[PDB]
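Notes for the one structure printed next.
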Amino acid sequence: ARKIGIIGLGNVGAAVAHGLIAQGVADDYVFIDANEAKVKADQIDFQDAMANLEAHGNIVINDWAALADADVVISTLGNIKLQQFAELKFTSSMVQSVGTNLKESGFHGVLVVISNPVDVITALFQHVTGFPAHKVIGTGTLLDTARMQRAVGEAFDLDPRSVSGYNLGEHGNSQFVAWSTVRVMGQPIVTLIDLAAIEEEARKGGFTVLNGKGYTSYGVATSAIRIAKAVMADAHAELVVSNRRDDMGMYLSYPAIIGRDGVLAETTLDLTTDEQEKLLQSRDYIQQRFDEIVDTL
Amino acid sequence: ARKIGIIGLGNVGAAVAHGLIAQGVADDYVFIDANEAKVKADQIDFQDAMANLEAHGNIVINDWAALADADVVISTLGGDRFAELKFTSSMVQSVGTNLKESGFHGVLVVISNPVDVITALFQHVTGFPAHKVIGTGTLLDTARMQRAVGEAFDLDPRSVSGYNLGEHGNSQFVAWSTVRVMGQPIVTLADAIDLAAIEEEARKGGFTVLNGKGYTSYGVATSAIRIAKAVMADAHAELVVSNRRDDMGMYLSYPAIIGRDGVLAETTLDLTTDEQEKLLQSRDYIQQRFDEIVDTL
Amino acid sequence: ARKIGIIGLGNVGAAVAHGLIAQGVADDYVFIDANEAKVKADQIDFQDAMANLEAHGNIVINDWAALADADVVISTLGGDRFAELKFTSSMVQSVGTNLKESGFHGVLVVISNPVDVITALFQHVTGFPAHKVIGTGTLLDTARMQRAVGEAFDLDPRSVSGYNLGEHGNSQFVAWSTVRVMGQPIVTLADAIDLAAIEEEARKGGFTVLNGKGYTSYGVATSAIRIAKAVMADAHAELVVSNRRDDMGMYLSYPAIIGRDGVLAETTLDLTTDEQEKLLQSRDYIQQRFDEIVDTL
Amino acid sequence: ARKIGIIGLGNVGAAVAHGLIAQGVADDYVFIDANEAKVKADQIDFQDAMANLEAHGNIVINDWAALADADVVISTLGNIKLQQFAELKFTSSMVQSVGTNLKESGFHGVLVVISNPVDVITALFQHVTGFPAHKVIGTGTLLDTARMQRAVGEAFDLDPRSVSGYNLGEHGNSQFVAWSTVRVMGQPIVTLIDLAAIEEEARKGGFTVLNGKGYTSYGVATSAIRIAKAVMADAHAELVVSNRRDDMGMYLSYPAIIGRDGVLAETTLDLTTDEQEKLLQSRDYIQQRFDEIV
Ligand SMILES: NC(=O)c1ccc[n+]([C@@H]2O[C@H](COP(=O)([O-])OP(=O)(O)OC[C@H]3O[C@@H](n4cnc5c(N)ncnc54)[C@H](O)[C@@H]3O)[C@@H](O)[C@H]2O)c1
Ligand SMILES: NC(=O)c1ccc[n+]([C@@H]2O[C@H](COP(=O)([O-])OP(=O)(O)OC[C@H]3O[C@@H](n4cnc5c(N)ncnc54)[C@H](O)[C@@H]3O)[C@@H](O)[C@H]2O)c1
Ligand SMILES: NC(=O)c1ccc[n+]([C@@H]2O[C@H](COP(=O)([O-])OP(=O)(O)OC[C@H]3O[C@@H](n4cnc5c(N)ncnc54)[C@H](O)[C@@H]3O)[C@@H](O)[C@H]2O)c1
Ligand SMILES: NC(=O)c1ccc[n+]([C@@H]2O[C@H](COP(=O)([O-])OP(=O)(O)OC[C@H]3O[C@@H](n4cnc5c(N)ncnc54)[C@H](O)[C@@H]3O)[C@@H](O)[C@H]2O)c1
């Protein structure tokens, strides 16, 4: 049967849970949150929906041992008030205990991290749990790429799913659009529009949402659900996620092949020199911030 | 194609939207909200999710004319006491008039508080035939009774029959003479389970949600979604909703047959005399509160 | 993850696989069929559909060891008379033995004819606990009664309660004392509708399907799928399936509580004396036909 | 509400119907088939399924007037027995009456043609109904692209959905794999294996299926359903379908942008000289056999 664990039932974690429960994706769910009254409130509210939902799902709360046979565990803990990377003092303070309980529960599935700064927190989670790096991944620029596809989609009046290409690097700071990989309606977008306008709409689009309602939830929740379904189904799907490539030596977003055991293979992009240059800049940024904080745990 | 309009993109409204978009229920969505920043932030956030979602949906905001061919419209709006009444009736009149003027002729589903009064007010202000104006009512309350009973007998809530009738938010009651579990009327098993305790847990349930979250969303959003699908599919499904029965003359929750035209027929429950008595008490309360608010129009 | 095995990829088995695959219900599928070319054609046909489907599924064929960790296995297998009994009992023993030897320890759902006899035979040969071996039984006849009553009262078949009990295929009957429509027990509405005609209508339909297509598939396939979901989700859902009651000591259709471990509990209907009589008559026929075929093992 | 009509409830027809009903994609369904007892049988069989399905759907049979407000109409009529270009004589006979009835129902949505030979029957359907060419399209090499993605996916142990590229031309004859458009794991397939082996698996893959059970159904039924969903949701999705491009002046498969009004725009691929040549070759066979038939 399918079992998913969600750590941190805030705006994003609760949207992840609603997206999964609304489609009846999993059979068993484990909600874990430091704030007890909140998570119990969400459990009951979801259990009240069950008589009127089409598919059934079981929900247990704050039970680490229940994670032992979970397929996927999604980490959505953090403090959005610190965003309203400065969040690093908060989320990095939480990874030691969350990571140790996770390791101790007997969990051996794939861990998907959303907590920001996603690249650095993904790395510290890998570091505390001791899980193989291919079992610990982050949404990273899967969200950024979806904003890029939305922006390019609006410009050409196309289905965003019909736009190909990726955003690489460090989510929420040096990530960039690899315009050499983007293609729309059979042609490479660079041989076609104000690309920087599109890139600005893509990059500033996330602040517009936070600015408008105080957080972001549907965009990133859906990116996590897509990765969680690829893992459980062992799809061997190519997705841009925050993964540790051998050549990079640090977590950063770059397309990879995802299946039931996590990262099954790396992909290879023919990036311009410009794009490779930016990619190592992101690597260095993540690496340094990670370096400063890993001793502190 | 399927087109759904949602008026009020708050906690309940955004959850209704996410519930529909996660499943790809409708093709076109119309979001209407007084706060342009919030509704615009939600639209962009949902559009960001489209690149990683399985079904596509088109989203327009604050365009009253777009509701003309909407199949269903869901409204989540709802000295100082006098002022509050005056402002609530004003809002229902403005929204209702603009709704009427858009040319919309589908079914209007209201989520609000008190739902029966506000539903009757929308019926009054729009001039839509009463069978096309229904409120979620005790569908949520019934689902909570189903959860409590289900937990008491380690049963799927969907396998618990029976309903909560009357006034949602105050005098509604469990019609225990309609509740069956595992082939037996629960009253019989009670005479040999403590029904009052079960009633306590369901009510207590709602308070835990309010206390830990500050509001409830998944339970009620799912109710509206179930009703919305019955309407678009012309299911002729029996659901307990807030509707105006000829014999009651006011709006209250009682099972009815829902289809593409709204209430297609009424049901007839053989209630006990005490149950029948509570039903009429409920009706008298809704009448009083309706006369009172309609007088501030 | 969710894994389902299907034994016998004929009209029914392929409809079951397509229904599950069109919704992405399981992650892994194991198809077992005596005809290598037919099962291989279906596997390739479904793998050709994966590029245009929303959910992914892995399909392996004729590999018994793969059933070891399957959640559910659905079996669609089913002078002269003695010869046929002999070949049939032999087939159930060969399949049953290989299934038992695979390590499989989930729930076995049997689609056959006579489904109650073949279900009991499989239980007998495998040695699996009776609660883990169930047949679809009269879940398909109940759904036909619901269709016929639903068409009679212009209702949603899902809104018609009640069941068909007994032996699927010959002595099963509508337990009219359990059927309710629009809040009223249908018998009272009959005292005022012709139940006999309704009962006949339901049956006629089955014959209409057999004569126009030569077999029935969607109706019974969907019954198996619903049971399979209740098992993987551990729903504790009340479903009418062929199960072995202590009071009956032989398989027959009577509602029961279904969960991950199969039959979790029995239900107690208050049938009328005629109903109890036909139920026992039904049971005597199943017992006798079972006795006959187990003698040929 | 969503309303889909299916003409011809055979192997492909009933598969399209089950894929939609299992997911609860539409609200209303119109089943039309010359063999009345087979359509009436599937109707009741699906209505028997309804009490145990999660979503509701309404089914009416052989009512052309009910197609007046259908969103999409899928044509899956034919005779698979003749396939075991064989059906062209039979399927061409049907197009006049079916097309006329369809035209007179008041239907004005998108028509999706599956019936083989799909490109020529798509052209005759457009030609007989008088419906704008952009509102009349066929599955074409959407099924063939999916087989290419299966073969390539199997070879690289990838999700078939992660394989990009298209198969162009005429389905079941001159169709080919535009290997310049295919890429896997960030690289061009022709830069990375024997593509002819893969090519053959993909090309012969329909025979194997057909020889193994006597017809093909899930592959093509799912391709039709993907198109139908792009139409009703007005996705503006890039899909390879049989459409009539102006530069070709004849139906053939080439990627197009699909929405509620049918083809909304054409794409332009940077095909190799050879690839360009094969596509025109396909156009001639379609053009020629089309003129030959009417
Ligand atoms: N990576 C991305 O693309 C992306 C996008 C949006 C948000 N985010 C990140 O998602 C995280 C959550 O976002 P949000 O808006 O839901 O925040 P939020 O503040 O609403 O929710 C955080 C939840 O985590 C819980 N939590 C905190 N510490 C915990 C611990 N040790 N154990 C268990 N639960 C704990 C809190 O109680 C709270 O309920 C933040 O880090 C935000 O930056 C990432
Ligand atoms: N029936 C039940 O059991 C139940 C359960 C929960 C909530 N509710 C009711 O649902 C309603 C919604 O609650 P919520 O938590 O979603 O509220 P909320 O405060 O988060 O949101 C209401 C939204 O309506 C918008 N709005 C206000 N006035 C408007 C106007 N004139 N036109 C258009 N949009 C306008 C606001 O901008 C806001 O975003 C309340 O009536 C609440 O009591 C009922
Ligand atoms: N319970 C009900 O209402 C109901 C309704 C419809 C059909 N059915 C039953 O379902 C069964 C199947 O019907 P169908 O039309 O799918 O049959 P079918 O003839 O189309 O296919 C049976 C399949 O089983 C395969 N098979 C046979 N022996 C096998 C063996 N020893 N091992 C593995 N595979 C084997 C065959 O190759 C074939 O593909 C019959 O019992 C029929 O009566 C029951
Ligand atoms: N384009 C493709 O890629 C592709 C792929 C597979 C199959 N197909 C085609 O799909 C068509 C259907 O295939 P099938 O296997 O389901 O065949 P089939 O013979 O089983 O079904 C055809 C159905 O069409 C019906 N029919 C015939 N003439 C009709 C008319 N005038 N009006 C209404 N109904 C009529 C029949 O009664 C029958 O039920 C065939 O042309 C086959 O070649 C195309």
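Scheme for the structure tokens: letters A, B, ... for chains in order shown; per-chain residue numbers from 1; ligand numbers from 1 in order shown.
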What are the coordinates of chain C as a CSV table (one decimal) with C-alpha atoms, in the first residue's frame following a least-squares fit to chain B on all in-order C-alpha atoms?
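File result11.csv, as written:
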chain,number,residue,atom,x,y,z
C,1,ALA,CA,-16.9,21.9,-20.8
C,2,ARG,CA,-17.2,22.4,-17.0
C,3,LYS,CA,-17.0,25.9,-15.6
C,4,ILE,CA,-17.1,26.7,-11.9
C,5,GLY,CA,-17.1,30.2,-10.3
C,6,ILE,CA,-15.9,30.7,-6.7
C,7,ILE,CA,-16.9,33.9,-4.8
C,8,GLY,CA,-14.6,34.6,-1.9
C,9,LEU,CA,-11.1,33.1,-2.1
C,10,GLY,CA,-10.4,32.9,1.6
C,11,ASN,CA,-9.4,29.8,3.6
C,12,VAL,CA,-12.5,27.9,2.5
C,13,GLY,CA,-12.7,29.2,-1.1
C,14,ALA,CA,-9.0,28.4,-1.7
C,15,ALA,CA,-9.5,24.9,-0.3
C,16,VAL,CA,-12.4,24.4,-2.7
C,17,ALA,CA,-10.3,25.6,-5.6
C,18,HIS,CA,-7.4,23.4,-4.7
C,19,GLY,CA,-9.6,20.3,-4.3
C,20,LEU,CA,-11.1,20.8,-7.7
C,21,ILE,CA,-7.8,21.7,-9.4
C,22,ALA,CA,-5.9,18.7,-7.8
C,23,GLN,CA,-8.4,16.4,-9.5
C,24,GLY,CA,-8.9,18.4,-12.7
C,25,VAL,CA,-12.7,18.5,-12.1
C,26,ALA,CA,-13.4,21.6,-14.2
C,27,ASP,CA,-11.9,23.1,-17.3
C,28,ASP,CA,-12.5,26.8,-16.5
C,29,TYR,CA,-12.5,28.5,-13.1
C,30,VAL,CA,-13.7,32.1,-12.2
C,31,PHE,CA,-12.3,33.4,-8.9
C,32,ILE,CA,-14.0,36.6,-7.5
C,33,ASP,CA,-12.6,38.3,-4.4
C,34,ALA,CA,-12.7,41.8,-3.1
C,35,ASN,CA,-9.0,41.7,-2.3
C,36,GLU,CA,-7.3,41.9,-5.7
C,37,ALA,CA,-3.9,41.0,-4.4
C,38,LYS,CA,-5.0,37.8,-2.6
C,39,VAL,CA,-7.0,36.5,-5.6
C,40,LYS,CA,-4.1,37.4,-7.9
C,41,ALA,CA,-1.6,35.6,-5.8
C,42,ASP,CA,-3.7,32.5,-5.7
C,43,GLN,CA,-4.2,32.6,-9.5
C,44,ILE,CA,-0.5,32.8,-10.1
C,45,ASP,CA,0.2,30.1,-7.5
C,46,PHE,CA,-2.2,27.7,-9.2
C,47,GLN,CA,-0.8,28.7,-12.6
C,48,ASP,CA,2.6,27.8,-11.3
C,49,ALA,CA,1.3,24.4,-10.3
C,50,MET,CA,-0.1,23.7,-13.9
C,51,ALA,CA,3.3,22.6,-15.3
C,52,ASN,CA,3.5,19.8,-12.7
C,53,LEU,CA,-0.2,18.8,-12.6
C,54,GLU,CA,-1.8,16.1,-14.6
C,55,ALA,CA,-4.9,18.0,-15.6
C,56,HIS,CA,-5.2,21.5,-17.1
C,57,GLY,CA,-7.5,24.3,-15.8
C,58,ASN,CA,-7.9,27.9,-16.9
C,59,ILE,CA,-8.3,30.6,-14.2
C,60,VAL,CA,-9.8,34.1,-14.6
C,61,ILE,CA,-10.2,36.5,-11.7
C,62,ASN,CA,-12.8,39.2,-10.9
C,63,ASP,CA,-14.7,39.0,-14.2
C,64,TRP,CA,-18.4,38.8,-13.5
C,65,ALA,CA,-19.4,38.4,-17.2
C,66,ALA,CA,-17.4,35.1,-17.2
C,67,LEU,CA,-20.0,33.6,-14.8
C,68,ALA,CA,-22.7,33.6,-17.5
C,69,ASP,CA,-22.1,30.1,-18.6
C,70,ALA,CA,-20.7,28.7,-15.3
C,71,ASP,CA,-22.3,25.4,-14.3
C,72,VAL,CA,-22.0,26.0,-10.6
C,73,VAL,CA,-21.0,29.0,-8.5
C,74,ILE,CA,-19.9,28.5,-4.9
C,75,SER,CA,-20.2,31.4,-2.5
C,76,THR,CA,-18.0,31.3,0.6
C,77,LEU,CA,-19.0,34.8,1.9
C,78,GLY,CA,-20.4,35.3,5.4
C,79,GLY,CA,-25.0,49.1,17.4
C,80,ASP,CA,-22.6,46.3,16.4
C,81,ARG,CA,-25.1,43.5,15.7
C,82,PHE,CA,-27.4,45.8,13.7
C,83,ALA,CA,-24.3,47.2,12.0
C,84,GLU,CA,-23.1,43.7,11.1
C,85,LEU,CA,-26.5,42.6,9.9
C,86,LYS,CA,-26.7,45.7,7.7
C,87,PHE,CA,-23.2,45.2,6.1
C,88,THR,CA,-23.9,41.5,5.7
C,89,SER,CA,-27.3,42.0,4.0
C,90,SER,CA,-25.7,44.7,1.8
C,91,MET,CA,-22.9,42.4,0.8
C,92,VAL,CA,-25.3,39.7,-0.2
C,93,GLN,CA,-27.3,42.1,-2.2
C,94,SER,CA,-24.4,43.5,-4.1
C,95,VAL,CA,-23.0,40.0,-4.9
C,96,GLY,CA,-26.4,38.6,-5.6
C,97,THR,CA,-27.2,41.5,-8.0
C,98,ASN,CA,-24.0,41.3,-9.9
C,99,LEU,CA,-24.4,37.5,-10.1
C,100,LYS,CA,-27.9,37.8,-11.4
C,101,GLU,CA,-26.9,40.5,-13.9
C,102,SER,CA,-24.0,38.3,-15.3
C,103,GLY,CA,-26.5,36.0,-17.0
C,104,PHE,CA,-25.5,33.1,-14.7
C,105,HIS,CA,-28.2,30.5,-14.7
C,106,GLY,CA,-26.7,27.4,-13.1
C,107,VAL,CA,-26.8,26.2,-9.5
C,108,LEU,CA,-25.6,28.4,-6.6
C,109,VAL,CA,-24.0,26.6,-3.6
C,110,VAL,CA,-23.7,28.6,-0.5
C,111,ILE,CA,-21.1,28.1,2.2
C,112,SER,CA,-21.7,30.6,5.0
C,113,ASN,CA,-22.8,31.1,8.5
C,114,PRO,CA,-25.6,31.1,9.2
C,115,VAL,CA,-25.7,29.1,6.0
C,116,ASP,CA,-29.5,28.6,5.9
C,117,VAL,CA,-30.3,32.3,6.5
C,118,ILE,CA,-27.7,33.6,4.0
C,119,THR,CA,-28.9,30.9,1.4
C,120,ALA,CA,-32.5,32.2,1.7
C,121,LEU,CA,-31.3,35.8,1.5
C,122,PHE,CA,-29.3,35.1,-1.7
C,123,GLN,CA,-32.4,33.4,-3.1
C,124,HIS,CA,-34.4,36.4,-2.1
C,125,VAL,CA,-32.0,39.0,-3.7
C,126,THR,CA,-31.2,37.1,-6.9
C,127,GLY,CA,-34.7,36.0,-7.7
C,128,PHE,CA,-33.3,32.6,-8.8
C,129,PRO,CA,-35.8,29.7,-8.4
C,130,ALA,CA,-35.3,28.2,-4.9
C,131,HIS,CA,-34.4,24.8,-6.3
C,132,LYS,CA,-31.3,26.5,-7.9
C,133,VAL,CA,-30.1,28.0,-4.7
C,134,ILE,CA,-28.8,25.6,-2.0
C,135,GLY,CA,-26.5,25.7,1.0
C,136,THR,CA,-24.1,23.0,2.2
C,137,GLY,CA,-26.1,23.0,5.5
C,138,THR,CA,-25.6,20.0,7.6
C,139,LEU,CA,-23.7,18.0,5.0
C,140,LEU,CA,-20.6,18.9,7.1
C,141,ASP,CA,-22.3,17.9,10.4
C,142,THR,CA,-23.5,14.6,8.9
C,143,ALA,CA,-19.9,13.9,7.8
C,144,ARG,CA,-18.7,14.6,11.4
C,145,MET,CA,-21.4,12.3,12.9
C,146,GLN,CA,-20.2,9.7,10.4
C,147,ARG,CA,-16.5,10.3,11.5
C,148,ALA,CA,-17.5,9.9,15.2
C,149,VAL,CA,-19.6,6.8,14.7
C,150,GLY,CA,-17.0,5.4,12.3
C,151,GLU,CA,-14.2,5.9,14.9
C,152,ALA,CA,-16.6,4.3,17.5
C,153,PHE,CA,-17.2,1.1,15.5
C,154,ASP,CA,-13.8,1.2,13.7
C,155,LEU,CA,-15.6,1.6,10.4
C,156,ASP,CA,-15.3,3.6,7.1
C,157,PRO,CA,-17.3,6.8,7.7
C,158,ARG,CA,-18.9,6.2,4.2
C,159,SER,CA,-20.4,3.0,5.6
C,160,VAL,CA,-22.4,4.9,8.3
C,161,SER,CA,-25.8,6.0,7.0
C,162,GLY,CA,-28.1,8.5,8.6
C,163,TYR,CA,-28.2,12.3,8.8
C,164,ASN,CA,-27.9,15.5,10.8
C,165,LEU,CA,-31.0,17.7,10.1
C,166,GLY,CA,-32.0,21.2,10.7
C,167,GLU,CA,-30.1,24.5,11.2
C,168,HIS,CA,-26.3,24.4,10.6
C,169,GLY,CA,-24.6,26.2,13.5
C,170,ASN,CA,-27.0,25.8,16.4
C,171,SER,CA,-30.3,23.8,16.5
C,172,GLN,CA,-29.2,20.9,14.1
C,173,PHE,CA,-29.5,17.4,15.5
C,174,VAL,CA,-28.6,13.9,14.7
C,175,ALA,CA,-31.7,12.1,13.4
C,176,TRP,CA,-30.5,8.9,15.2
C,177,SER,CA,-33.5,7.0,13.9
C,178,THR,CA,-31.9,7.2,10.4
C,179,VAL,CA,-28.3,6.1,11.4
C,180,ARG,CA,-27.4,2.5,10.6
C,181,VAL,CA,-24.2,0.7,11.2
C,182,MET,CA,-23.3,-2.8,10.1
C,183,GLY,CA,-26.8,-3.6,9.0
C,184,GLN,CA,-28.4,-2.6,12.3
C,185,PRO,CA,-30.2,0.6,13.3
C,186,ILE,CA,-27.8,2.2,15.8
C,187,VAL,CA,-30.6,2.9,18.4
C,188,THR,CA,-31.0,-0.9,19.0
C,189,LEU,CA,-27.2,-1.2,19.4
C,190,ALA,CA,-27.6,1.6,22.0
C,191,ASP,CA,-30.4,-0.3,23.8
C,192,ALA,CA,-27.8,-3.1,24.2
C,193,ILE,CA,-22.8,2.3,22.7
C,194,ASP,CA,-23.5,5.8,24.1
C,195,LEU,CA,-25.1,7.9,21.4
C,196,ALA,CA,-24.9,11.1,23.6
C,197,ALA,CA,-21.2,10.7,23.9
C,198,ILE,CA,-21.0,10.1,20.1
C,199,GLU,CA,-23.1,13.2,19.5
C,200,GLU,CA,-20.7,15.2,21.8
C,201,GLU,CA,-17.6,13.7,20.2
C,202,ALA,CA,-18.7,14.9,16.8
C,203,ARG,CA,-19.2,18.5,18.1
C,204,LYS,CA,-16.0,18.5,20.1
C,205,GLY,CA,-14.0,17.8,16.9
C,206,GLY,CA,-15.3,20.9,15.2
C,207,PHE,CA,-14.1,22.9,18.3
C,208,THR,CA,-10.8,21.1,18.2
C,209,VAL,CA,-10.3,22.2,14.6
C,210,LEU,CA,-11.2,25.8,15.3
C,211,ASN,CA,-8.9,26.0,18.3
C,212,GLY,CA,-5.9,24.5,16.5
C,213,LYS,CA,-6.2,26.3,13.2
C,214,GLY,CA,-8.7,29.1,13.9
C,215,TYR,CA,-11.1,27.9,11.1
C,216,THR,CA,-12.3,24.7,9.3
C,217,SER,CA,-11.7,24.3,5.6
C,218,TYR,CA,-11.3,20.7,4.2
C,219,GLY,CA,-14.4,19.3,5.8
C,220,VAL,CA,-16.8,22.0,4.4
C,221,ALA,CA,-14.9,22.5,1.1
C,222,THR,CA,-15.2,18.8,0.3
C,223,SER,CA,-19.0,19.1,1.0
C,224,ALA,CA,-19.4,21.8,-1.6
C,225,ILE,CA,-17.3,19.9,-4.1
C,226,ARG,CA,-19.5,16.8,-3.8
C,227,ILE,CA,-22.6,18.8,-4.4
C,228,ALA,CA,-20.9,20.6,-7.3
C,229,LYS,CA,-20.1,17.2,-9.0
C,230,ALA,CA,-23.7,15.9,-8.4
C,231,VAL,CA,-24.9,19.0,-10.2
C,232,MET,CA,-22.6,18.9,-13.3
C,233,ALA,CA,-23.0,15.1,-13.7
C,234,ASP,CA,-26.8,15.5,-13.2
C,235,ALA,CA,-26.5,12.6,-10.8
C,236,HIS,CA,-29.9,12.8,-9.1
C,237,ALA,CA,-28.0,12.0,-6.0
C,238,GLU,CA,-29.6,12.1,-2.5
C,239,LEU,CA,-27.7,14.6,-0.5
C,240,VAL,CA,-28.5,16.5,2.7
C,241,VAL,CA,-28.3,20.2,1.8
C,242,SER,CA,-29.9,23.4,2.9
C,243,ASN,CA,-33.0,23.5,0.6
C,244,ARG,CA,-36.5,25.0,0.8
C,245,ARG,CA,-39.2,22.4,1.3
C,246,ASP,CA,-42.9,23.3,0.5
C,247,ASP,CA,-43.9,21.8,3.9
C,248,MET,CA,-41.4,23.9,5.7
C,249,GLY,CA,-41.6,27.1,3.6
C,250,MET,CA,-38.1,28.2,4.7
C,251,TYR,CA,-34.6,26.8,4.1
C,252,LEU,CA,-33.1,24.2,6.4
C,253,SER,CA,-31.1,20.9,6.0
C,254,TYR,CA,-33.1,17.9,4.9
C,255,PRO,CA,-32.0,15.3,2.2
C,256,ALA,CA,-33.1,16.0,-1.4
C,257,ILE,CA,-32.4,14.8,-4.9
C,258,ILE,CA,-29.7,16.9,-6.6
C,259,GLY,CA,-29.2,17.1,-10.3
C,260,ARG,CA,-28.1,19.6,-13.0
C,261,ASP,CA,-31.1,21.8,-12.3
C,262,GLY,CA,-30.5,21.9,-8.5
C,263,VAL,CA,-33.1,20.2,-6.3
C,264,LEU,CA,-35.0,17.8,-8.4
C,265,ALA,CA,-37.1,16.2,-5.7
C,266,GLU,CA,-37.6,16.0,-1.9
C,267,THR,CA,-37.1,12.9,0.3
C,268,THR,CA,-39.5,11.7,3.1
C,269,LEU,CA,-37.9,10.5,6.2
C,270,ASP,CA,-40.0,8.9,8.9
C,271,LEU,CA,-38.7,10.8,11.8
C,272,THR,CA,-39.8,10.2,15.4
C,273,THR,CA,-41.9,12.7,17.2
C,274,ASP,CA,-39.0,14.2,19.1
C,275,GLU,CA,-37.1,14.5,15.8
C,276,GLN,CA,-40.1,16.2,14.0
C,277,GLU,CA,-40.3,18.6,17.0
C,278,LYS,CA,-36.6,19.5,16.9
C,279,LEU,CA,-36.9,20.0,13.1
C,280,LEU,CA,-39.8,22.4,13.5
C,281,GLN,CA,-38.0,24.2,16.3
C,282,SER,CA,-34.9,24.5,14.0
C,283,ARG,CA,-37.1,25.9,11.3
C,284,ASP,CA,-38.7,28.6,13.5
C,285,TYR,CA,-35.2,29.9,14.4
C,286,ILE,CA,-34.1,30.1,10.8
C,287,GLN,CA,-37.3,31.9,9.9
C,288,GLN,CA,-36.9,34.4,12.7
C,289,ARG,CA,-33.2,35.2,12.0
C,290,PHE,CA,-34.1,35.5,8.4
C,291,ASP,CA,-36.9,37.9,9.2
C,292,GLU,CA,-34.5,40.1,11.2
C,293,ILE,CA,-31.8,40.4,8.5
C,294,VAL,CA,-34.1,40.8,5.5
C,295,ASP,CA,-35.5,43.8,7.5
C,296,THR,CA,-32.1,45.5,7.3
C,297,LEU,CA,-32.0,45.2,3.4
So that I can check the secondary structure, give me every residue of segment 27-128 of chain A assigned helix (DSSP H, G or I) by backbone DSSP, as a PyMOL selection string.
chain A and resi 36-52+64-67+80-82+88-104+118-128
Report the closest atom pair, with its distance in Å rounded to one decimal, for each residue of chain D that has an atom no farther than 12 Å from ligand 3; count only C-alpha atoms and all ligand atoms, sort by chain and then rising residue number, and write it as a tab-separated table.
residue	atom	partner	partner_atom_place_in_ligand_line	distance
D:45	CA	ligand 3	6 (C)	10.5
D:48	CA	ligand 3	3 (O)	11.0
D:49	CA	ligand 3	3 (O)	11.7
D:212	CA	ligand 3	39 (O)	11.2
D:213	CA	ligand 3	39 (O)	9.6
Using only C-alpha atoms, find the residues of chain A whose closest atom to chain C is at most 7 Å away, then write them as a PyMOL selection string.
chain A and resi 1-2+27+56-57+71+232-233+235
Can I get the residues close to ligand 1 as a PyMOL selection string, where close means within 7 Å and we count only C-alpha atoms and all ligand atoms?
chain A and resi 7-13+32-35+38+76-81+83+87+91+94+98+114-118+139-140+143+171+215-217+220
Where does chain D meet ligand 4 within 6 Å, residue by residue, with the nearest atom pair and distance in Å to one decimal for each, counting only C-alpha atoms and all ligand atoms, listed by chain and rising number, as a Markdown table?
| residue | atom | partner | partner_atom_place_in_ligand_line | distance |
| --- | --- | --- | --- | --- |
| D:7 | CA | ligand 4 | 33 (C) | 5.5 |
| D:8 | CA | ligand 4 | 24 (O) | 3.8 |
| D:9 | CA | ligand 4 | 39 (O) | 4.5 |
| D:10 | CA | ligand 4 | 21 (O) | 3.2 |
| D:11 | CA | ligand 4 | 16 (O) | 3.5 |
| D:12 | CA | ligand 4 | 16 (O) | 3.8 |
| D:13 | CA | ligand 4 | 16 (O) | 5.6 |
| D:32 | CA | ligand 4 | 33 (C) | 5.8 |
| D:33 | CA | ligand 4 | 34 (N) | 3.5 |
| D:34 | CA | ligand 4 | 33 (C) | 4.0 |
| D:35 | CA | ligand 4 | 37 (O) | 4.5 |
| D:76 | CA | ligand 4 | 12 (C) | 4.6 |
| D:77 | CA | ligand 4 | 24 (O) | 3.3 |
| D:78 | CA | ligand 4 | 41 (O) | 4.1 |
| D:79 | CA | ligand 4 | 19 (O) | 3.5 |
| D:80 | CA | ligand 4 | 19 (O) | 4.2 |
| D:94 | CA | ligand 4 | 31 (N) | 4.6 |
| D:98 | CA | ligand 4 | 31 (N) | 5.9 |
| D:114 | CA | ligand 4 | 1 (N) | 4.2 |
| D:115 | CA | ligand 4 | 41 (O) | 3.6 |
| D:116 | CA | ligand 4 | 41 (O) | 4.1 |
| D:118 | CA | ligand 4 | 1 (N) | 4.7 |
| D:139 | CA | ligand 4 | 1 (N) | 5.9 |
| D:140 | CA | ligand 4 | 1 (N) | 5.8 |
| D:143 | CA | ligand 4 | 3 (O) | 5.8 |
| D:215 | CA | ligand 4 | 15 (O) | 5.3 |
| D:216 | CA | ligand 4 | 6 (C) | 5.3 |
| D:220 | CA | ligand 4 | 5 (C) | 5.2 |
